[PDB]
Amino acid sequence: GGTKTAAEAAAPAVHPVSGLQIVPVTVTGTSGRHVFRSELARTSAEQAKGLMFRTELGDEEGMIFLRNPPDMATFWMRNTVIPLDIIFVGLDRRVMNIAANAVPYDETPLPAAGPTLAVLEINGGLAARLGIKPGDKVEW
């Protein structure tokens, strides 16, 4: 029985900048259970915009990219001002790979390991601080 994280239990909301739905996303593994209130990017265009232009993001926040079909994803940091960790999630809802410390404005492609069901973006360096690793279960 874990401590009840208020962010996990709170109803979905709407982001005041993007208008996107905010939903709770959990990441669970050996390090424990982590919770991110995440903007939900679904359309191809929503996913192409990502977190471009944003100048701040809380450690408690993220953006979740939900993909159907779950085509292999490749990301970049054009117009992205803040560093991010990009967590790629496979078809079993487990983390495949992480592009850690993706660099602001960097156009270098950041590929998923394979067919990508979801992507979770959180603040740069946070995955390692938290202990999030490939194999961890991501739920939304």
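One rule holds for the numbers: they count along the sequence shown, beginning at 1.
On average the C-alpha atoms of 53-61 have higher B-factors than those of the other stretch, with 53-61 and 87-95 being the two compared. For the set 130, 119, 9, 20, the PDB entry puts the maximum C-alpha B factor at 9. For the set 113, 27, 48, 66, the maximum C-alpha B-factor listed in the entry falls on 113. When all modelled residues of the chain are sorted by CA temperature factor, residue 44 is found within the highest third. In this PDB entry, residue 37 carries a Cα temperature factor that places it within the lowest third of its chain's modelled residues.
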